[PDB]
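Undergrad: sequence plus experimental coordinates follow:
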Amino acid sequence: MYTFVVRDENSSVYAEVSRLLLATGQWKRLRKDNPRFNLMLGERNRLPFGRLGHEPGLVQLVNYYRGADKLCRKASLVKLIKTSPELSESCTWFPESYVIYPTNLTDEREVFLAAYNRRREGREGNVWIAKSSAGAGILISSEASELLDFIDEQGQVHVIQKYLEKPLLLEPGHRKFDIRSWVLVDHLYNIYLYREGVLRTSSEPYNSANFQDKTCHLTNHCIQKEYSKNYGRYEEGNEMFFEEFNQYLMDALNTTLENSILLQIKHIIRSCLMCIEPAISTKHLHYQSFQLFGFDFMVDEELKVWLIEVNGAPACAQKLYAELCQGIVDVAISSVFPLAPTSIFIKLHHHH
Amino acid sequence: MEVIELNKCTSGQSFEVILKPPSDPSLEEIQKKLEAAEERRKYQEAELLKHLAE
Amino acid sequence: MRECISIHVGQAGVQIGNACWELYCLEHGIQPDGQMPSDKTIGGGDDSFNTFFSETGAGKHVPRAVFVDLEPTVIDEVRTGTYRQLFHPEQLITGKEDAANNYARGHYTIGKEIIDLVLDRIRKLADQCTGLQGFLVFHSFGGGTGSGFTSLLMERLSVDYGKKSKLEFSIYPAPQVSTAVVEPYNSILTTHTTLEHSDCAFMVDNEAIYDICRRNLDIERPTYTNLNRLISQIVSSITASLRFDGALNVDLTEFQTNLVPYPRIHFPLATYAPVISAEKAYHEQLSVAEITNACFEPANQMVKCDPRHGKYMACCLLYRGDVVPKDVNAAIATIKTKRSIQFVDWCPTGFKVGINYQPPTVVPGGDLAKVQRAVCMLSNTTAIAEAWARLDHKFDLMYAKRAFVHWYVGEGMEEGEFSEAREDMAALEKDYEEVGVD
Amino acid sequence: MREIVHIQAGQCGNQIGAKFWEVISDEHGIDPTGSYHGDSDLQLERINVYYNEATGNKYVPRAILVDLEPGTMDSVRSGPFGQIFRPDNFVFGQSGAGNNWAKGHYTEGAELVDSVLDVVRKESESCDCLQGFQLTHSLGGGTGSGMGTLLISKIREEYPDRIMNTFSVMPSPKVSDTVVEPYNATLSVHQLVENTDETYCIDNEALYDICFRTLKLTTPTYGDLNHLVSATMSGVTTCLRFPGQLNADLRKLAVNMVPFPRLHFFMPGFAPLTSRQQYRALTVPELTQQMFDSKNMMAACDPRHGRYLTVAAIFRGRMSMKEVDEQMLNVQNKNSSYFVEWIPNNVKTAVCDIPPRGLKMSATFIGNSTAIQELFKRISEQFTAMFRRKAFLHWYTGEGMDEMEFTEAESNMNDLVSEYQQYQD
Ligand SMILES: Nc1nc2c(ncn2[C@@H]2O[C@H](COP(=O)(O)OP(=O)(O)OP(=O)(O)O)[C@@H](O)[C@H]2O)c(=O)[nH]1
Ligand SMILES: Nc1ncnc2c1ncn2[C@@H]1O[C@H](COP(=O)(O)OP(=O)(O)CP(=O)(O)O)[C@@H](O)[C@H]1O
Ligand SMILES: Nc1nc2c(ncn2[C@@H]2O[C@H](COP(=O)(O)OP(=O)(O)O)[C@@H](O)[C@H]2O)c(=O)[nH]1
Ligand SMILES: CN(c1ccc(C(N)=O)nn1)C1CCC1
Ligand SMILES: [Ca+2]
Ligand SMILES: [Ca+2]
Ligand SMILES: [Ca+2]
Ligand SMILES: [Mg+2]
Ligand SMILES: [Mg+2]
Ligand SMILES: [Mg+2]
């Protein structure tokens, strides 16, 4: 009889895992403060890693890699990419980005204007986007004065990265979109990619002559369901899955999702996770770790994949909660606490 | 990667390697804390005996 | 030359003291009867070993130690043990009933009535020193004597020896080799009243020594003898610079200078390797780069934690055996490129390195195998704060219900000394976070 | 040298105490004459904890036999090991207590208390360093109850900083001598709450249910109930009488078991408990699963009705200490809903190489559980059933007591029930 606890009631993902665990009759749930446990579904912020792995006779497992925030925070990711030789500053799949601190507080303000003036002088597209992790608060503008003046009006760190002025547009509609891939990493650091992805598409025609209205530029699921007037017109819930998106790519462009986008995605996920393995690995640690990730990708009109950000506590698509949650119990939990396919994941082999 | 202050003797040697440059109570007060805890003991034990006398 | 007096308080300190002086004698070629064939100055001399050993006219090399326990059953093992002849009866002080794992008992009730005696016995070894450096105090955190009495002894030593240094060797409490439950109280009580009196403290977590004995020595259930023979190795390696020729860590003062920039953060993390089972057929002798690369694994730290998520303030590498500087610098370079070694911006990113050619001595019949080179890394990391967080959490759980508090109050302690000691730890944890996190 | 002073008062007290000395005497190799004839040095390691070394290598238990009628103690002296006891340590009256707490505590007992303490004092003055006392007695009778508590009240007055342990037999209407046992029990319990550090509760009903159901004894006897107490007393004292890495005296043992001064009432357990399929070897799992089973507990209290404050387990025999940890760690990690979460590591374990007589290996259970409140609920319910009508009060009011003192004992134990209740939630 294995035992676990719950410390994040707001997690729609692991709320299902706990429901499945109790359905097996072999996992008993405990109060949220009982240290005698095998598995911990911990909180998001200020998770007490230091107290894990000190209970005699208990092998403990947690669902958050300590130090993953370096990859899931806006400013941390950029600093990680420009400082990590594995990715280098010339990383071809990550938009040219810069970390900018508000003037009321290192900082890459001057380095940003340097490349900005270089672009304004060379007639090139010079539309940037400002964002941060403390947002739901994003500003798109082609003027460097408005971007910097908007960050100084706040009080937390921000990042200015190139805006993809040539995004891939679906038809019919002429609309933007992004791609969400779920990647699970077990205690052995095997990198499993969920065979099922989702595209959170915009229900508005992309307009390049008006960044003021951010409904055809932002593809978030909550902005389309609040500020968009064509929500649910083309696909149910602005969510297209890998089956239909694969058929469209074959009818219009004469190619497959595997060859055009999936290879780049599997390459980006590898490069990001292998990069920070020696920093977050729990190979010879007194406790074990495994975390679910949510990579958000972009695609331009040249079928080149760019990395937007990585989510450390992502939510899932309503249609994929069952298949994915069960998979988490198969490869991540039961692999360490066995019970008494055609895996739904894609192992991304690598050199540990 | 620099090696400074190399000292060698018969039974070994020691040096320093730099990779990157940077960027009470008196004797009177203790006897009081001890005697004070001894008084609270005597007062607690006295209340125990007074209880037994009743 | 300058002398060092060692003090062993409680069962844990006294047993670990027994295991170290056994090692010191094997290293320095000192027989159980105290004679030293290699010492050519009969009954005198200011050699390096004389920092820990004095000499008599008869040529007996006697430790500069003092064993203190409030119940005699543990010290008696020394009076009749293998090295009974080293010490004289003055150096062994024993009471008649212990502190029942009660800090308030060892500190107040029982400690007051025996403190003046220990001082006198220590004053007798001090008068034999031409230039006393300071004291090495071995004790446990859980034991009522190791915790309650040690803090009191420290307060007085800072009064009778103001300018002298005081290093600690503290045994962190681990449930796998303990039968008590109030150890978090004692640990937090003693760390509060001792903090401003200890210049540098080496914490060993029995849980760490336990798993190193189970994993590397293939002991299914290790005894205190097992734990002590390993802990005495680390201790030997840390005190070697004071007993042998050298220029690194040559006096107790150099330990604070090289390891403790901020005072309240005086708890270096220790790491040791290799630890090889003697029962093994025959092991492949590890290289300098391999054993050094092991110093950054959690599996051989005296306290289980994650230095990757802390920041280093200082770092020492004490080597023993066939090691040359050329090989050391080679391994270090390779490790900086594979590891996460984040220093604090107000401290140099460097390593002081000491090398003693004599390889580690092993007690015949012991559990460790003879290796040609070994190393011990002393690193001041904010990651050791995890050990405090663990302990401070257990303290909160019990104190929220005032559990076991009556046992301390009943021995003369005021309930306020709990919250006063706890708030001090809340300050010690904040100092670690102010220096480590961003 | 950490000596213990044993005391047994009353019929139940002395019969149980006698068998106790019969059990451990055999374990330490002490024959009925006081001569040692064992084969292991571990039998003498801690022999001075319960025995005084006389001349000629004779060992004389450090016990004091007490009672207000000569009957019971005449049996002990003529019994198997009766000669072993010190002739002077027999202190007895002739009137008797008539199963009346008042007589044992105020009138008859009072006249004899000074002479008993004179012997207690004589045994202590020889101790190099006294750990503390232990009294065996029942609470439903008059002597071991009324006088027994009176002794404790006076031993704590002369030795206010020594440990006072008691093995207390609680009355049950299924094994009842007199209808007034709830009176005597309620009065004693208040004394134990005040002047004892540890009290092992031993319900005669649980002893009866164990002999009848688990042991398959058709018609149990007081002697059968005492064999269990004998073996149990031997178990809880194993860590004290034999060597090992334990190094624990009575005070240190209480310090880790009593989180609160008044909640020092334990439930003991023993395993195995087999009926005569008696030669089967018992595995470490079986030893553990029974040790925590209520049917192996002697308080007649369902532990699953409360929560464990602290638990202590002692294992005897040549076994796999690695295997002991696993099974114990298994019981915790499989029933962690019954241990309190505000006391980390409240379950500890000890191993001993010497097993009891005639058993490859055994396990003794010591539990400080809030379930014990169900015991004091029975006693308080039976008390109120009679005191509400003042029934049988005259036996006591005639001895000099007032109804007020009864009302206080009533409210005193109801408080003890409420105290155990606020820690179960
Ligand atoms: N590493 C190691 N730890 C020990 C040793 N002896 C005891 N301990 C630990 O010390 C803690 C208990 O403290 P003790 O040293 O036994 O108590 P004490 O200092 O003698 O003080 P008293 O309570 O009066 O007995 C437990 O957590 C033990 O695990 C030892 O020889 N080696
Ligand atoms: N450099 C860039 N070029 C083009 N579009 C961008 C962009 N950066 C962000 N976006 C748009 O913003 C969205 C992602 O925003 P971002 O991830 O920064 O906020 P967020 O993290 O709160 C959303 P989530 O965490 O749910 O993925 C995408 O849908 C994308 O269309
Ligand atoms: N277990 C056990 N209980 C006993 C024994 N003798 C008496 N009792 C119980 O003790 C109570 C009577 O107390 P008693 O021994 O007569 O007290 P005394 O007057 O001091 O001798 C009743 O509840 C009995 O069930 C015995 O030998 N074994
Ligand atoms: C399990 N155990 C205990 C614990 C408590 C008591 C008691 N009589 O209170 N007895 N034995 C031993 C491990 C070292 C002590
Ligand atoms: Ca000399
Ligand atoms: Ca000082
Ligand atoms: Ca009379
Ligand atoms: Mg986000
Ligand atoms: Mg001790
Ligand atoms: Mg009777």
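TA: Structure's in. What do you need? Residues are numbered from 1 along each chain as shown, chains lettered A, B, ... in the order given. Ligands and ions are numbered 1, 2, ... in the order given.

Undergrad: I'd say residue D:212 and residue D:224 touch.
TA: No - with the criterion set as Cβ atoms under 8 Å, residue D:212 and residue D:224 do not qualify as a contacting pair; they are 9.7 Å apart. Placement of C-beta: from N, CA and C, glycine included.

Undergrad: so what's the closest residue to residue A:348 other than its chain neighbours up against?
TA: Taking Cβ to Cβ, 6 or more residues apart in numbering or on different chains as the measure, residue A:348 lies nearest to residue A:191, with 4.2 Å between them; neighbours along the chain are not counted. By Cβ atoms under 8 Å, 6 or more residues apart in numbering or on different chains, the residues touching residue A:191 are A:183, A:185, A:269, A:270, A:273, A:347, A:348, A:350.

Undergrad: pull out the buried members of the residues you listed.
TA: Among the contacts of residue A:191, the ones that count as buried by 16 or more other Cβ atoms under 10 Å in any protein chain shown are A:183, A:185, A:269, A:270, A:273, A:348.

Undergrad: where do the helices of the stretch 301-425 of chain D begin and end?
TA: For the stretch 301-425 of chain D, helices defined by DSSP state H, counting those that start in this stretch occupy the ranges D:321-332, D:373-387, D:394-397, D:403-422.

Undergrad: correction: chain A
TA: A:12-23, A:69-72, A:74-83, A:109-121, A:144-151, A:221-227, A:242-248, A:257, A:263-280, A:321-328 (DSSP state H).

Undergrad: follow-up on the earlier one: quick one: which of the contacts of residue A:191 is nearest chain D?
TA: If you rank those by distance to chain D using Cβ to the nearest Cβ, residue A:185 comes first, at 26.8 Å.

Undergrad: ok, now which ones touch residue 224?
TA: Reading this off chain A. Taking Cβ under 8 Å, 6+ apart, we find residue A:224 in contact with A:200, A:201, A:202, A:203, A:215, A:218, A:231, A:238.

Undergrad: can you look at chain D instead?
TA: Counting by Cβ under 8 Å, 6+ apart, residue D:224 has contacts D:211, D:215, D:217.

Undergrad: now swap in residue A:206 and tell me
TA: A:167, A:169, A:174, A:175, A:176, A:216, A:217.

Undergrad: do the same with residue C:371
TA: C:274, C:276, C:285, C:286, C:321, C:359, C:360.

Undergrad: try 10 Å this time
TA: In this structure, residue C:371 makes contact with C:273-276, C:283, C:285-286, C:291, C:320-322, C:359-360, C:362, judged by Cβ atoms under 10 Å, 6 or more residues apart in numbering or on different chains.

Undergrad: how many neighbouring residues does the single nearest residue of the stretch 1-150 of chain A relative to ligand 4 have?
TA: With distances taken as Cβ to the nearest ligand atom, the stretch 1-150 of chain A approaches ligand 4 most closely at residue A:56, which sits 14.8 Å away. Here the number of neighbours of residue A:56 (other Cβ atoms under 10 Å in any protein chain shown) works out to 17.

Undergrad: ok, the one 4 residues further on next?
TA: Neighbouring residues of residue A:60 were enumerated by other Cβ under 10 Å; the total is 19.

Undergrad: swap in residue C:160?
TA: By other Cβ under 10 Å, neighbour count at residue C:160 equals 12.

Undergrad: just the strands in chain C please.
TA: C:4-9, C:53-55, C:61-63, C:65-69, C:92-94, C:134-140, C:165-172, C:200-205, C:269-273, C:312-321, C:349-356, C:373-381 (DSSP state E).

Undergrad: oh sorry, the question was meant for the stretch 151-300 of chain D
TA: For the stretch 151-300 of chain D, applying DSSP state E, counting those that start in this stretch gives strands covering D:163-170, D:198-203, D:265-271.

Undergrad: one step back: among the contacts of residue C:371, name the buried ones.
TA: Among these, the ones that count as buried by 16+ other Cβ under 10 Å are C:273, C:274, C:275, C:276, C:286, C:291, C:320, C:321, C:359, C:360, C:362.

Undergrad: ok, the first one - contacts?
TA: Listed by Cβ under 10 Å, 6+ apart, the contact set of residue C:273 reads C:212, C:216, C:286, C:290-295, C:297, C:299-300, C:371, C:374-377.

Undergrad: again with the fourth one
TA: The contact partners of residue C:276, by Cβ under 10 Å, 6+ apart, come to C:216-217, C:282-286, C:362, C:367-371, C:374.

Undergrad: among the contacts of residue A:206, who's most crowded?
TA: Top of those by neighbour number is residue A:176, holding 25 neighbours under the definition other Cβ under 10 Å.
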